[PDB]
């Protein structure tokens, strides 16, 4: 429902890490979904979560001189109601 996080950049890069930074509105998301994969084809994308109050994450364990595609999703816990089950009852005694 709510619009995606914005402004995905790195604040730090090393030979085996990417320190992600992003923005999102206050109290908007319960978590962030982070998906990263080598921009080539060395398998499948890895998924991680981060608390929704956080705006940075140290992606570690990476290969040197390698381009990664990084996707961030805001995760929203929605509290939904089922289709109502309804009935009429009459209290005892005289109206």
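Positions refer to the first chain, counted from 1.
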Mean Cα B-factor check, 47-55 vs 62-70, entry values; winner is 62-70
Between 38-46 and 22-30, which has the higher average C-alpha B-factor in the PDB entry? 38-46
Modelled-residue ranking by C-alpha temperature factor, third containing residue 10: middle
Residue 78: which third of its chain by C-alpha temperature factor? middle
